[PDB]
């Protein structure tokens, strides 16, 4: 158990996402996917997600490459660094296939759990809390490449849901045992299910509710469950698993970004800040504990493959999907190279980061998306800190109380 509104840490959650480790994401580790390029002029043959990364290589080759990646992308050293920087928690995404695969799944399985356990040990070793996050469901819960399978939305299909549920129960049972309660203070049932295109009622009654029942009445543990907001507006979950009905230990995970839509990318720095501050004040009125499980310093969607393999960026109007387009806003040239960042851009990012931190710390805390990437700056906590764009110590402020001074 962990009281997110009055945490034993004596401070709000200040974590980092161990992204792209146990679940591959092209923009985080582009070299793994660039390895498939045979023509420097086109993306033909390049897998768009881990599903196809495995399918293309075949079991044996996929296993050896993944093993090299899992054993090196993150090691205990990283967790020591994380702790040395003031963070108090790590969020670890893992796919359902790590534990169980569909008859026709190409995924490498049965090896990721060992690394997950090692990381939990490294976390305990360094006084870091942990969130075990089931980041991918059979058939995909959102069609994002970060679910493992892009452009598929069969999460709630009885056949798939049965597998995902069995895996979730395995996770709930194992990581809710007494020996993990002190370090693992949250198990996220499913990352970013795409609410708008899914049957919300089926997810609630056939996935979320049963999980709570299993954990509290079958396993009988006080472990806290994390429910992603499914992209629904604030207060949407207030009437779900309420305390009045005897439910407890339920935290809503809100993700916050301002780069995945043209109108958002068009905002001035002051508008970006006003929106960030409101993300914080808005949850104060919510009926459940809450933590911002993901946010970034990013103010553009310029980073290579951020919009998945084969797609450009809305920021410089190079993004197009089907009959949907984007329009020019600003340049994406040398986007992630600090040498090409103007003083204005540096200031704006630092301000944006501070406003977000202040806002999210109003209640529950935050977890920055991505401690490390191969070449990104906007999505890389390590690089942001090195370049003075992310606070060190975490309470350091060059632009204090921005959320307390807004009007114009």
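Numbering follows the first chain given and starts at 1.
- The stretch 109-117 shows the higher mean C-alpha B-factor when 84-92 is compared against 109-117 in the entry.
- Here the stretch with the larger average CA B-factor, out of 368-376 and 59-67, is 59-67.
- Considering 192, 76, 188, 270 together, the PDB entry gives 270 the largest C-alpha B factor.
- When the C-alpha B-factors of 257, 122, 247, 131 are ranked from the entry, the top spot goes to 247.
- Ranked by C-alpha B-factor against the other modelled residues of its chain, residue 345 falls in the middle third.
- Residue-level temperature factors show residue 383 in the lowest third of its chain, judged at the C-alpha atom.
- When the modelled residues of the chain are ordered by their C-alpha B factor, residue 351 lands in the lowest third.
- Sort the modelled residues of the chain by CA B factor and residue 212 lands in the highest third.
- Among all modelled residues in this chain, the alpha-carbon of residue 170 has a temperature factor (C-alpha) in the middle third.
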